[PDB]
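Novice: sharing an experimental structure here, sequence included.
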Amino acid sequence: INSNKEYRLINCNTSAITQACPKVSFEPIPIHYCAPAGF
Amino acid sequence: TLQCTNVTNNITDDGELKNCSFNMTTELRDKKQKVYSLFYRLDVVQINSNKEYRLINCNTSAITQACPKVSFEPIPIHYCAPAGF
Amino acid sequence: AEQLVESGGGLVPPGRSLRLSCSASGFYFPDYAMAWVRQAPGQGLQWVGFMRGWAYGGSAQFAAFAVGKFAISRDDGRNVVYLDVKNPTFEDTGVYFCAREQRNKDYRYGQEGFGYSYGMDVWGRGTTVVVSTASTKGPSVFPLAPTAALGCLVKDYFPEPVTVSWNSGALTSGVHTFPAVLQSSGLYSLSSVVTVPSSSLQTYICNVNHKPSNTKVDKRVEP
Amino acid sequence: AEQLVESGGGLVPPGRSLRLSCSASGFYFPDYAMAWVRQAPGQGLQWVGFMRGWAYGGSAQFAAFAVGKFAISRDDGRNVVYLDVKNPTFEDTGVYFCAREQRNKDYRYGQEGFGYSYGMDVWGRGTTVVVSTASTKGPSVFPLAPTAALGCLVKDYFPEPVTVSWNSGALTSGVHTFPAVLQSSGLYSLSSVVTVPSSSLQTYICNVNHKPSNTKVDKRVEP
Amino acid sequence: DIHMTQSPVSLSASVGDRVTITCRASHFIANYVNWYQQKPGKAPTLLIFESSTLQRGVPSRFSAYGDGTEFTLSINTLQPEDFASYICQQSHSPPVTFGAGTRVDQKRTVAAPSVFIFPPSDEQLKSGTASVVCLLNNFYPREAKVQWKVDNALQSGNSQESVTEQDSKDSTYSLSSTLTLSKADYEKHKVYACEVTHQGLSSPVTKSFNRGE
Amino acid sequence: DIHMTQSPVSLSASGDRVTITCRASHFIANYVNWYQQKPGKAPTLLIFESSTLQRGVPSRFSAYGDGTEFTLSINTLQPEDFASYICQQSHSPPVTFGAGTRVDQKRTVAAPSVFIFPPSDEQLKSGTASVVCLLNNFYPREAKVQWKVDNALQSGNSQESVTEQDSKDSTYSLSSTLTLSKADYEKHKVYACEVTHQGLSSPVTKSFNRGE
Ligand SMILES: *[C@@H]1O[C@H](CO)[C@@H](O[C@@H]2O[C@H](CO)[C@@H](O[C@@H]3O[C@H](CO[C@H]4O[C@H](CO)[C@@H](O)[C@H](O)[C@@H]4O)[C@@H](O)[C@H](O[C@H]4O[C@H](CO)[C@@H](O)[C@H](O)[C@@H]4O)[C@@H]3O)[C@H](O)[C@H]2NC(C)=O)[C@H](O)[C@H]1NC(C)=O
Ligand SMILES: *[C@@H]1O[C@H](CO)[C@@H](O[C@@H]2O[C@H](CO)[C@@H](O[C@@H]3O[C@H](CO[C@H]4O[C@H](CO)[C@@H](O)[C@H](O)[C@@H]4O)[C@@H](O)[C@H](O[C@H]4O[C@H](CO)[C@@H](O)[C@H](O)[C@@H]4O)[C@@H]3O)[C@H](O)[C@H]2NC(C)=O)[C@H](O)[C@H]1NC(C)=O
Ligand SMILES: *[C@@H]1O[C@H](CO)[C@@H](O[C@@H]2O[C@H](CO)[C@@H](O[C@@H]3O[C@H](CO[C@H]4O[C@H](CO)[C@@H](O)[C@H](O)[C@@H]4O)[C@@H](O)[C@H](O[C@H]4O[C@H](CO)[C@@H](O)[C@H](O)[C@@H]4O)[C@@H]3O)[C@H](O)[C@H]2NC(C)=O)[C@H](O)[C@H]1NC(C)=O
Ligand SMILES: *[C@@H]1O[C@H](CO)[C@@H](O[C@@H]2O[C@H](CO)[C@@H](O[C@@H]3O[C@H](CO[C@H]4O[C@H](CO)[C@@H](O)[C@H](O)[C@@H]4O)[C@@H](O)[C@H](O[C@H]4O[C@H](CO)[C@@H](O)[C@H](O)[C@@H]4O)[C@@H]3O)[C@H](O)[C@H]2NC(C)=O)[C@H](O)[C@H]1NC(C)=O
Ligand SMILES: *[C@@H]1O[C@H](CO)[C@@H](O[C@@H]2O[C@H](CO)[C@@H](O)[C@H](O)[C@H]2NC(C)=O)[C@H](O)[C@H]1NC(C)=O
Ligand SMILES: *[C@@H]1O[C@H](CO)[C@@H](O[C@@H]2O[C@H](CO)[C@@H](O)[C@H](O)[C@H]2NC(C)=O)[C@H](O)[C@H]1NC(C)=O
Ligand SMILES: *[C@@H]1O[C@H](CO)[C@@H](O)[C@H](O)[C@H]1NC(C)=O
């Protein structure tokens, strides 16, 4: 953002920020996709 | 708290329009920003040098503004019964 | 363009309170805070008081002598600042400057500190108030009896100016028209001399003209 | 009512540590912070240290000389403040004031700033400590050999006071009983004179009485 | 340290005058000064807390103000009990620093001192102490100087001085500078002079005596 | 109060380099606005905030400082720069100004054309005995005027008017006018104006008498 240079974060004028809670995974899981019956 | 003055353009309201300057912060939590705005007398109230007033809800209840994407139109909606009735 | 017009009076009797007027032009006037700096004649600048902009409160402080003796009041509806001199004293005879405050390149004052750091860019003409019971009058022009020189004391007029011309401007060689000094009465005493060589002491008529009172005294100089 | 009682000793030998006591009355005492101001005799006030109220932490700071040399301790169970003078020096001979702190009209101190701005309303009587190895004694009253005058030097007593009466109060014309000055020993040397006209130099017996040691010296004055 | 130099040092006026006391600083203390009153031999008394505001219980004849550094107390008007010592004291920063004070007497006639000198008695010689007493009485103003001589040696430090307060019957002072000496230099010296300079005196008055005389 | 003692009081140079030092009584780290008032005119800010050039002021000026004792410098002089230059703090209310520096041109030390004048006798008929003491064409500024009325050193009863810096020789001209009355015009005789100047070797005592 415009002594030594000082920069913040690019979202700090656009959007809020969250970090991931570290307990969850990030794996794409092999999931079968099934139809409701009658279809 | 607010720093407000009576407007000066015409006489049809002469009052009621308060050029309210104020301190505020901004995006950069570390930053400030005191601006001025014009408010109708019904949205504010004074508090007891120049007079200073905040907002009537600021000792009673929180305040939200409407997100500007929605409409405000009363819609012609038919009201239907669950069947068996 | 962005100009400041000081007015409010000349000769005032002491005790009789005074109204001034710092008439502005050229810019959006409640952007800027206002201040008053007086100056006694032949003296340094003597700051009186300021007044903040309304966004800074509209607050008006003063100097130490100006506590109680003075009162600032601005009017954004006219873009003018009135100064109230209640109980004027002969100490308060001086030229009264009035100036605005300057925002930065980002068009702002200082956040921390006092707030006002960028000086007073536009200075007004300054109004001159004499706190005395004198009157508007023509001068008592008297010549000066004497390479010698000679002169005419353009004494006891109000107001400024006179215009002295030696033999109606036919004599110019050595004219040192000194600035007018006031008196305890408050009347202008102007000195105007000319180095006339002592072998020639023509008839030198100082042809003064006090056009504020239309007083054109044509005083011949004689030893 | 709201009164402060300073005590803790008179003559103390140097090095032998000292306990003081600022006994309070009249008000709810841990509302107010406490402080100590000493004063050498014939000198200005010499602030020693304060101690905050417990709601402000109960924190106690000091002056620069009082760093290490002194120790404040209050007791709200008795409404008293003890001051600890460890290793007293002869420099520390003086009258010891103790005062409270004053809340505002809203019954509060200052929020920002230091916090304490409303002064010390009630001042105690002040205790007087002499840091010396002297003793409680009757005075060595000696008269003064001479309109002249004469006198009696009420020298070397402890403690205050004596009461000098010239011919048991039968002589009063011109009595200037000077205040008692201490010594390097710490003993009171009081001067008491009377302007006796030199034509009359009766037998003038200064009838002093040091009632703390019951020492009533009746010294006749002779040239 | 932030030091208070309180002006003036002494002051003289009369019953129903206007008194003004200016106390400055070394730094910016914008309004943090408590204005005190200590009558002699008594406790202090706050008069103007926070450099501008009247203490409740203090009468309205007092008025203090300032600028940020150089503060000023004013009194309109004087009362005959107001002849006390008035001390400015900052409340801006620890440590607490006090002012110079102003011991105020009454403006009156400049009175000359009743200057006297005294030999010690010979039983006080038998005590050994040669207390050479230099009496002054009924002088106005405060401006007095006492100079000692022992065989024309300008003595200093060997004297203990005691001065009366402001008088009631004529508002003057009386003084007793007592030259504390011993007997060996009482008899080892002769010329025992007390030179007294005062404003009511036209000259330094040098009262004198000798060994036993 | 925080006082500005601006140094020097006057200055004399000719395309020279000028340097003006203005100190303080406290720590004002960069809060001084540097001013210019030409005589009979308005002020003009030159260096705001003790180091930064005002837009519209030429680059020949340069101010700086330390925290207490600030210093303006000029490289180089221009013939219109002979003005009064005032330092002024922006650190604390109240506003305090500097001493100023009335700058003339360094030149030959010129002696004054010293003259004394009796008032005219119709000005005696006005009663006012305006004893006029003329000086003309002197350099430098260092001039002293001493009055004598029957060898009584008069003070306060005189009104003095001095010309500005000259164009044709950059000297000054002076008129100290001893304002008196007629009763002491005729009640006294010896009417002397003693004038001391640097271009003068001596205090020049021009004199006249009652009517003479
Ligand atoms: C509530 O109070 C606020 C707080 O001030 C007012 O906001 C001001 O609104 C006025 C409306 O006139 C604004 O004034 C205008 O500013 C324009 C912007 O120019 C500025 O910046 C340029 C460079 O970008 C500079 O050169 C210039 O000097 C200014 O600093 C100006 O261009 C306008 O001036 C022009 O027209 C005027 C006459 O109208 C002429 O005198 C000028 O010479 C020039 O030709 C004008 O000055 C002002 O900037 C606003 N200030 C702020 C802080 O926002 C609100 O309007 C007020 N509301 C009400 C109802 O009173
Ligand atoms: C948004 O926030 C900004 C920044 O905080 C505000 O700007 C301040 O506005 C206030 C208005 O009160 C100004 O306050 C005045 O301060 C003066 C003293 O200044 C000294 O101390 C400050 C703080 O240490 C220093 O910055 C400064 O350099 C000086 O050393 C006081 O003297 C004033 O009080 C005077 O008037 C009152 C009555 O009106 C009297 O009772 C007092 O005795 C005294 O005479 C006053 O308190 C302040 O200077 C401004 N600037 C700052 C802090 O930098 C905006 O106003 C605010 N905007 C909003 C709320 O809309
Ligand atoms: C937990 O901590 C809190 C905070 O300190 C304590 O609350 C304080 O409790 C004390 C108890 O004594 C209170 O002191 C009392 O104040 C009463 C209110 O009067 C004040 O205000 C009036 C004006 O409104 C003034 O005129 C007056 O001077 C006081 O400033 C007084 O009325 C009480 O005094 C009466 O009794 C005392 C002796 O009991 C007599 O000497 C008096 O003459 C009078 O008859 C008393 O001074 C104090 O105000 C409380 N402060 C707050 C903020 O609440 C809690 O008590 C404490 N709890 C425990 C268990 O320690
Ligand atoms: C409720 O909140 C208030 C604040 O909102 C608290 O009050 C503060 O308490 C602190 C305790 O640390 C005080 O801090 C002290 O500041 C001194 C510096 O002095 C300058 O600034 C203060 C604050 O403006 C002025 O009042 C003062 O006159 C000066 O201008 C330091 O010097 C002190 O430190 C000293 O001791 C420490 C050790 O304890 C040493 O290390 C230091 O070297 C030094 O000797 C101290 O830090 C502060 O003054 C108070 N007021 C404020 C900020 O307004 C209340 O205590 C709090 N109450 C609660 C929590 O119950
Ligand atoms: C607000 O965020 C926007 C988006 O990052 C920044 O705007 C521009 O971003 C593009 C892409 O990086 C740059 O090329 C431009 O140079 C940015 N504009 C500027 C003026 O730098 C914008 O900078 C952000 N503004 C603030 C104040 O945070
Ligand atoms: C808090 O809000 C209440 C409710 O608006 C205010 O209390 C009263 O409000 C009515 C209607 O506006 C007024 O007529 C009364 O005068 C108010 N009472 C008081 C004591 O003001 C109340 O004022 C608000 N509190 C503050 C601090 O503004
Ligand atoms: C304008 O503000 C003033 C401030 O005193 C207030 O009295 C007044 O009612 C306001 N004007 C109008 C027309 O409401």
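Specialist: Received the coordinates, thanks. Numbering: from 1, shown residues only, chains lettered A, B, ... in the order given. Ligands and ions are numbered 1, 2, ... in the order given.
Novice: what about residue 15, neighbour count?
Specialist: Using chain A here. 7 (other Cβ atoms under 10 Å in any protein chain shown). From N, CA and C alone the C-beta is placed, and that goes for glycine too.
Novice: the intended chain is chain E.
Specialist: Residue E:15: 12 neighbours (other Cβ under 10 Å).
Novice: how about it, phi and psi?
Specialist: Here is the backbone geometry of residue E:15 (degrees, to the nearest 10): phi -60, psi 110.
Novice: whether stretch E:5-20 contacts chain D - can you check?
Specialist: No. If you take Cβ under 8 Å from any Cβ of the partner chain as the test, stretch E:5-20 misses chain D, and the best it gets is 10.0 Å.
Novice: centre of the chain to that stretch, how far?
Specialist: Centroid displacement of stretch E:5-20 relative to its chain, using Cα atoms, centre = their mean, to the nearest Å, is 14 Å.
Novice: quick one: residue C:30 is in a helix?
Specialist: Yes. The assignment for residue C:30 (DSSP: H, G, I helix; E, B strand; the rest coil) places it in a helix.
Novice: what separation do you get for the nearest residue to it once chain neighbours are set aside and ligand 5?
Specialist: Of all residues not flanking residue C:30 in the chain, residue C:76 sits nearest, at 4.6 Å (Cβ to Cβ, 6 or more residues apart in numbering or on different chains). As judged by Cβ to the nearest ligand atom, to the nearest Å, residue C:76 and ligand 5 stand 32 Å apart.
Novice: to what extent is residue C:76 buried, counted in neighbours?
Specialist: By other Cβ under 10 Å, the residues close to residue C:76 number 16.
Novice: try residue C:172
Specialist: A count of nearby residues for residue C:172, using other Cβ under 10 Å, gives 10.
Novice: so it touches residue C:166, yeah?
Specialist: Yes. Using Cβ atoms under 8 Å, residue C:172 is in contact with residue C:166, at 6.9 Å.
Novice: OK, contacts around the residue nearest to residue C:30?
Specialist: Taking Cβ atoms under 8 Å, 6 or more residues apart in numbering or on different chains, we find residue C:76 in contact with B:5, B:8, C:29-30, C:54.
Novice: can you tell me which of the residues you listed is closest to residue F:13?
Specialist: Distances from residue F:13 to the contacts of residue C:76, taken as Cβ to Cβ, are shortest for residue C:29 (41.2 Å).
Novice: kindly reformat the contacts of residue C:76 as TSV containing distance to residue F:26.
Specialist: Putting these into TSV (distance: Cβ to Cβ, whole Å) gives the following:
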residue	distance to residue F:26
B:5	36
B:8	42
C:29	34
C:30	33
C:54	31
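Novice: and ligand 3, which of those residues contact it?
Specialist: Among the contacts of residue C:76, proximity to ligand 3 is found for none (Cβ under 6 Å from any ligand atom).
Novice: TSV for these, including distance to ligand 2?
Specialist: Listed next are these as TSV, based on distance: Cβ to the nearest ligand atom, whole Å:
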residue	distance to ligand 2
B:5	12
B:8	20
C:29	19
C:30	14
C:54	10
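Novice: looking at those, which is nearest ligand 7?
Specialist: residue B:5 (7.6 Å; Cβ to the nearest ligand atom).
Novice: let me know whether residue C:103 touches residue C:28 as I believe.
Specialist: No. Using Cβ under 8 Å, residue C:103 makes no contact with residue C:28, being 11.0 Å away.
Novice: tell me which of those two has more neighbours.
Specialist: When neighbours are counted by other Cβ under 10 Å, residue C:103 and residue C:28 differ, and residue C:103 comes out ahead with 16 against 8.
Novice: please enumerate the shared neighbours of residue C:172 and residue C:166.
Specialist: Common neighbours of residue C:172 and residue C:166 are listed as residue C:194 (criterion: Cβ under 8 Å, 6+ apart).
Novice: bridged to residue E:36, which residues?
Specialist: Beta-bridge pairing for residue E:36 (DSSP bridges): residue E:46, residue E:87.
Novice: didn't it look like it was pressed against residue E:89?
Specialist: Yes. Contact criterion Cβ under 8 Å: residue E:36 and residue E:89 qualify, at 5.8 Å.
Novice: which residues are common contacts for the two?
Specialist: Common neighbours of residue E:36 and residue E:89 (Cβ under 8 Å, 6+ apart) are E:98-99.
Novice: wait, does stretch E:152-162 contact chain D?
Specialist: Yes. Counting by Cβ under 8 Å from any Cβ, chain D has neighbours in stretch E:152-162: E:160-162.
Novice: and the helices in the chain, which stretches?
Specialist: Defaulting to chain A. With DSSP state H as the criterion, chain A has no helices.
Novice: that's the other chain; I wanted chain E
Specialist: E:122-126, E:184-187.
Novice: neighbours of residue C:67, how many?
Specialist: By the measure other Cβ under 10 Å, the count of residues near residue C:67 is 12.
Novice: I misspoke; the intended subject was residue C:134.
Specialist: Residue C:134: 20 neighbours (other Cβ under 10 Å).
Novice: again with residue E:64
Specialist: By other Cβ under 10 Å, 25 other residues sit near residue E:64.
Novice: quick one, what contacts it?
Specialist: Going by Cβ under 8 Å, 6+ apart, residue E:64 touches E:33, E:35, E:47-48, E:51-52, E:71-74.
Novice: picking that back up, among the contacts of residue C:76, which one lies nearest to chain D?
Specialist: Distance ranking of those against chain D, using Cβ to the nearest Cβ, places residue C:54 first at 24.9 Å.
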